[PDB]
Amino acid sequence: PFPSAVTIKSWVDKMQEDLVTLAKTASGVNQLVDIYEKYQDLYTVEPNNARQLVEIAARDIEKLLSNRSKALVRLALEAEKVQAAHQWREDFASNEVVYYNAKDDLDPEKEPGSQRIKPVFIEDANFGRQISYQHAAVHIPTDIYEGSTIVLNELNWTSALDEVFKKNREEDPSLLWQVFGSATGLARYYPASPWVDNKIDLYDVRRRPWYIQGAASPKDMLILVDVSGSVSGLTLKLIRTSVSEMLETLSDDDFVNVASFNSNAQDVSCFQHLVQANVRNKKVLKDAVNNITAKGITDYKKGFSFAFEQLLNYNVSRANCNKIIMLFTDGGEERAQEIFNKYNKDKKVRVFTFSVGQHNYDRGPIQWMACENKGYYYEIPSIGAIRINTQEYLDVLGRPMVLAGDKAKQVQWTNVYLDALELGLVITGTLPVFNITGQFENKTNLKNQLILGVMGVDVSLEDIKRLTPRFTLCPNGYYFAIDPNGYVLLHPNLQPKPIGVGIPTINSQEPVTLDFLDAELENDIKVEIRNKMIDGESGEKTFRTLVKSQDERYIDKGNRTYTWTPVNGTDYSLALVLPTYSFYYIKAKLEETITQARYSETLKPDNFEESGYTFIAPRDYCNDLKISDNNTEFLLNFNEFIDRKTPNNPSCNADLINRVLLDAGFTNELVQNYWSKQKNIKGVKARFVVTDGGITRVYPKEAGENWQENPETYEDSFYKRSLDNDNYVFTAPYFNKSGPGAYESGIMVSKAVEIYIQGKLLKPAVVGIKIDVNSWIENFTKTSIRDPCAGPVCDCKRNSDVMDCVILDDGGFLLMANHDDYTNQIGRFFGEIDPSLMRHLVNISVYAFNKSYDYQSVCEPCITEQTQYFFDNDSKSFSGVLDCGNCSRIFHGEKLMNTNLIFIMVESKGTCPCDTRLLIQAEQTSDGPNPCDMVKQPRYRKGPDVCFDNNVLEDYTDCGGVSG
Ligand SMILES: *[C@@H]1O[C@H](CO)[C@@H](O[C@@H]2O[C@H](CO)[C@@H](O[C@@H]3O[C@H](CO)[C@@H](O)[C@H](O)[C@H]3NC(C)=O)[C@H](O)[C@H]2NC(C)=O)[C@H](O)[C@H]1NC(C)=O
Ligand SMILES: *[C@@H]1O[C@H](CO)[C@@H](O[C@@H]2O[C@H](CO)[C@@H](O)[C@H](O)[C@H]2NC(C)=O)[C@H](O)[C@H]1NC(C)=O
Ligand SMILES: *[C@@H]1O[C@H](CO)[C@@H](O[C@@H]2O[C@H](CO)[C@@H](O)[C@H](O)[C@H]2NC(C)=O)[C@H](O)[C@H]1NC(C)=O
Ligand SMILES: *[C@@H]1O[C@H](CO)[C@@H](O[C@@H]2O[C@H](CO)[C@@H](O)[C@H](O)[C@H]2NC(C)=O)[C@H](O)[C@H]1NC(C)=O
Ligand SMILES: *[C@@H]1O[C@H](CO)[C@@H](O)[C@H](O)[C@H]1NC(C)=O
Ligand SMILES: [Ca+2]
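Residues numbered from 1 in each chain as written, not as in the entry; some residues may be left out. Chains lettered and ligands numbered in written order. Part of a larger assembly, values for the part shown. Heavy atoms only, no water.

### With respect to the packing of helix α2 (residues 29-38) against helix α20 (residues 654-675)
Here is step 1: One way to put it is that α2 packs onto α20 with a least axis distance of 11 Å and a crossing angle of 130°. Looking at the two axes, α2 sits oblique to α20. The hand of the α2/α20 crossing is right-handed. For the pair α2 and α20, contact is made by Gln31, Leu32, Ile35 and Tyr36 and by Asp663, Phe666, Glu669, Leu670 and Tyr674, respectively.
Here is step 2: Looking at side-chain class alone, the contact of α2 with α20 contains six nonpolar, one polar and two charged residues. (Axes fitted to C-alpha atoms, helices over the stretch in contact; angles between N-to-C directions. Helix = DSSP H or I, 4+ residues; strand = E, 2+ residues; numbered from the N terminus. Parallel < 35°, antiparallel > 145°, perpendicular 65-115°, else oblique. Left-handed = near helix turned anticlockwise from the far one by under 90°. Contact = heavy atoms within 4.5 Å. Nonpolar A, V, L, I, M, F, W, Y, C, P; charged D, E, K, R; others polar.)

### Side note on the coordination of the calcium ion (ligand 6)
As a benchmark, a tetrahedral metal site with four donors has ideal angles of 109.5 degrees, while an octahedral site with six donors has ideal angles of 90 or 180 degrees.
Here is step 1: Donor atoms from the polypeptide that coordinate the calcium ion (ligand 6) comprise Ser228 (OG), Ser230 (OG) and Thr298 (OG1), at 2.4 to 3.0 Å from the metal.
Here is step 2: Spacing between the donor residues of the calcium ion (ligand 6) along their common chain follows S-x1-S-x67-T.
Here is step 3: Relative accessible area serves as the criterion here: at 1%, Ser228 is assigned to the buried category. (Donors = N, O, S within 2.8 Å, 3.2 Å for Na, K, Ca; no water. Buried < 20%, exposed > 50% of the residue type's maximum accessible area, 1.4 Å probe, protein only.)

### What to know about the sheet that holds strand β18 (residues 478-482)
Here is step 1: On the basis of which strands lie adjacent, the open sheet formed by five strands has the order β19-β18-β22-β21-β20 and antiparallel pairing. Every interior strand has two partners, whereas the edge strands, β19 (488-490) and β20 (539-548), have only one. Neighbour to neighbour, the strand axes of the sheet diverge by 35° on average, direction disregarded.
Here is step 2: In the packing of helix α3 (residues 50-85) onto the sheet, the strands contacted are β18, β20, β21 (555-566) and β22 (573-579), and the crossing angle to β22 comes to about 145°.
Here is step 3: Running at roughly 135° to β20, helix α16 (residues 524-535) makes contact with β18, β20, β21 and β22 of the sheet. (Pairing = 2+ DSSP bridges.)

### A look at the side chain of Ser132
Here is step 1: In this fold, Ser132 is placed in the loop between β3 (114-116) and β4 (137-139).
Here is step 2: Polar contacts involving the side chain of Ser132 include one to the main-chain amide nitrogen of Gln134, which spans 3.4 Å.
Here is step 3: Sequence-distant contacts of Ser132, defined by excluding residues within four places in its chain, comprise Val120, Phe121, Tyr190, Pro191 and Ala192. (Polar contact = N/O pair within 3.5 Å; in protein donor to acceptor, adjacent residues only side chain to side chain.)

### A few points about the site of ligand 1
Here is step 1: Every residue lining ligand 1 is accounted for by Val82, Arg89, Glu96, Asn156 and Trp157.
Here is step 2: Here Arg89 contributes a side-chain N or O atom positioned 3.3 Å from an oxygen atom of ligand 1.
Here is step 3: In the environment of ligand 1, an oxygen atom lies 2.4 Å from a nitrogen or oxygen atom belonging to the side chain of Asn156.
Here is step 4: In isolation ligand 1 offers 780 Å² of accessible surface; the protein chains occlude 23% of this area.
Here is step 5: A class-by-class count of the residues in the shell around ligand 1 yields two nonpolar, one polar and two charged. (Near = heavy atom within 4 Å. Areas by Shrake-Rupley, 256 points an atom, 1.4 Å probe, with all protein chains shown as cover.)

### Some thoughts on the sheet that holds strand β35 (residues 890-896)
Here is step 1: Taken in spatial order, the five strands make up an open sheet running β31-β30-β36-β35-β34, and their pairing is antiparallel. Lying at the two open borders of the sheet, with one neighbouring strand each, are β31 (814-817) and β34 (877-881). Here the strands of the sheet are splayed against their neighbours by 20° on average, with no regard to which way each runs.
Here is step 2: Bridging between strand β30 (residues 803-808) and β31 involves three bridges; their strand directions are antiparallel. The residue bridging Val806 from the neighbouring strand is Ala817, located in β31.
Here is step 3: Docked against the sheet, helix α1 (residues 5-26) engages β35 and β36 (901-907), running at close to 30° with respect to β35.
Here is step 4: Here helix α23 (residues 773-784) sits on the sheet and contacts β30, β31 and β36; the angle it forms with β31, its principal contact strand, is near 55°.

### A short note on the packing of α3 against helix α5 (residues 161-171)
Here is step 1: Remark: α3 packs on α5, axes separated minimally by 10 Å, with the N-to-C direction vectors making an angle of 165°. Here α3 is positioned roughly antiparallel relative to α5, judged by the angle of their axes. Classified by chirality, the crossing of α5 by α3 is right-handed. Along its contact with α3, which presents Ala71, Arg74, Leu75, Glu78 and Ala79, the element α5 presents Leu161, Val164, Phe165, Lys167, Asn168 and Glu171.
Here is step 2: When its residues are assigned to classes, the contact of α3 with α5 shows six nonpolar, one polar and four charged.

### Some words on the environment of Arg68
Here is step 1: Checked against the element boundaries, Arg68 lands in helix α3.
Here is step 2: Classification of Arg68 by relative accessible area gives buried; the value is 0%.
Here is step 3: Sequence separation between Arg68 and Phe2 is 66 residues; the distance between their C-alpha atoms is 73 Å.
Here is step 4: Contact partners of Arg68, with chain neighbours within four places excluded, come to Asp172, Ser174, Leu175, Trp413, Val457, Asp458, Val459 and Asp463.
Here is step 5: One polar contact links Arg68 to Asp172, side chain to side chain, over a distance of 3.3 Å.
Here is step 6: Among the polar contacts made by the side chain of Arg68, one reaches the main-chain carbonyl oxygen of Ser174 at a distance of 3.0 Å.

So, to be careful, I would describe these as geometric facts and stop short of saying anything about function.
Laid out in structure tokens, this is it:
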């Protein structure tokens, strides 16, 4: 029969007592506590003033960005002057311009006016590529010829930029790239490196996001696509491709909507008013455009009366400047003067008309439409012209800002994106270069209304991470930065991968934009904090929050303090996250050389046998010291650097080395004093200790090989979980993996060491014990059953036909069970085993499911969706019958004290046959939030407030029709 409540309570208490006493008397929690207090005077406890740390880091970031901006300013000034001094030569001798071309074979062994350079590249670990500091490299795309009179002249006058490149690199030796995009297509970057290796190069500097950002202002684009009968065939395909390519030239500050009209206008997609050009809204628009079919009779007066009306909707968020209309058609007869005179008579909306396809229609009304209203006229007769014709409109948009003068020259930083030359995540500062030919004397201003190009300097996210040190903080603490759009400049979750836009269809260029709410669990307080950081305010917030574990299988509850201050002079805002225990940290004392030598003796490779297999985190301690992926090489390197020259050396971080050696001494003292006394423990497979300061030691040698955790202590998930929890934490092993299962490695349970210096609280180290599966299962079996209770089993035997005994963790994964096949399935989620039982537990509020979306994830032909189950009711007791289909199974669940395990004893599914749709806990490729519903309630984003959208001097006489 079903055991009584007092009997099962006693049974759970016995199992608890056994496990907790084994863990406490095997891993020396009190032992390390006593060691830490009684080895005082070798360290001091220093405060962590968040208001000071975040301000210092913000000031450092501001200084770095000002350094990066001064180079742009001086480069732009020099380029403007050199263009002002240039003479337009036409007769170029075969050797008059000298450059590298950055795309020629280095060994040709062999032009109209150019002489190539054979440069020398040695190496540079700062870039990873092979670079030359002697001269700059020029990239000319495949389409544009390098012998044209328009390209040779720039190849000549831009040659003066190399001196300023060298001057900037010698003033600030940390400059990565210094690129000068040109209006003709060529790009000049200072460190001479070969271009990226069918290998055809489609790169065009005039389409990169930084160039587009620096060449114009945020736009309000409304593409108007003609879908009448006449555009059927090749014209429709060209229109679709051209619209997609035009959508590709849009940033997050830009708002766009695509409409269509044969005889009555309609929105092409679910959007109705306007959407910002994210990576997802753009995909929605592209798919809706690719679904377009052509049928009907053209009606311009009903399409423009629709475009102008959606350009007047102010209930929604928009860039509120540069209201432009794109007309994609073939040709017609109606110019529709009445519509323009009615809607746009003061001429505040630009109109760009495109004549797509190969035909013989009247290209007359559309040229007049692009002429009367501000705009330019384009013709796309083939796929080749699509790129240039779609990218050219920025030249037209750039006139107001150049006419503004030396007021639009403001440095703007792009979103995080993967570098073209493979440096990883970078951000580029952009400064436009104006045309000042004949500036001193008021003679020429007709062609001075077009930009020469955009200057750009790249700063890597590694620099910004280096400006924010994290090793004085607890692993749970971290830094993050937010831009006005809400995306993260810095975040631990952010990874160098393109953002998943949707489910991968069967059979790097895009910016990496990850929102703050999409990098952590969304919470009500975290939205207010995000809004405050966007507004640019400084404040403190302490609140209870749910934090996802690093392994992403668990959710644990902790106290966190958010401190944020704006990076003044820059749109970005910086914030610091600190748990309560992280407010105080241990700083190692200088001590003496004898102590350093004694501590260095501990972790030598020959000393593994006594100390245990030692892991050292790959943290850079010296500039010459090189971190390695394999921990053995790094440990050998650290040993030889410490022993060979000095424990403390110039150009090395004294604090980090002192902390590491102090931790090594503490760990060796622990092991030799306590662990060595008990050579073998029946319940314990292995004893390991993980300590802040990047050292990990496990006593058994076989366990060291079995140990699969990250060498870095901060990256360990179990370490962070033990920090968050004040009780013993059990970590479920991985199931059906290449790594050894929980039969040779055991079950990992970890308890955090708590230190009380003065009244302060410190949690420097975490200890763990690996539990033998065999000892655990036999102990679980013997205590559960009562020998004289009854003939039929009152509790589970080794293989109970009826009664089922399984103990679960907070995540719900199975750690121990009576059944043999269940024990073969240790480490698996308890779903796929008794899914109806899990659904009942969730329904009665035993576990709480919280789902999220990972956007930077890779699948097999993407956004995935993850689920993470946690305990949510702190009631130690739950019972009930399952009320199964036509039946009912009785269960009782008791949680095992501190250890956090939960034992549930229920009947087998033979008794009451329920349905088994599994409750899966993995990540399943799932498309993310519907964009259509998310645009109705947008998030809060601050927007640039500097727009140059009109000047009255602007000469709109270059409309294009006349010049063709
Ligand atoms: C655009 O191309 C032109 C051709 O290379 C360059 O103009 C030439 O610059 C040369 C620099 O070596 C000048 O040579 C020197 O000029 C001085 C006058 O200061 C004279 O004594 C000599 O002609 C000569 N001597 C020296 C000191 O080497 C050429 O006079 C000059 N003229 C030509 C041939 O066009 C420009 O440099 C280039 N533009 C930019 C901005 O780089
Ligand atoms: C950035 O500079 C601003 C200047 O506006 C600083 O803000 C000032 O802070 C000082 C003392 O902290 C006060 O005397 C001023 O009244 C503040 N001005 C305000 C309210 O804007 C700010 O300290 C700097 N921020 C950083 C990151 O150091
Ligand atoms: C939203 O925009 C629409 C048009 O874009 C406008 O509709 C008005 O709605 C209010 C109340 O909802 C009513 O007075 C009328 O239906 C509309 N006003 C007019 C045309 O007189 C309005 O600008 C916005 N609606 C709201 C919610 O204010
Ligand atoms: C994720 O977990 C949190 C904490 O359990 C959820 O918040 C609770 O939701 C339940 C109902 O699901 C309410 O009864 C509680 O009052 C909520 N607590 C708080 C503090 O709001 C949260 O709703 C879960 N879901 C997601 C996906 O966010
Ligand atoms: C700014 O550059 C100066 C030299 O130009 C340098 O001393 C300083 O460290 C730089 N600031 C940074 C990189 O934060
Ligand atoms: Ca037609």
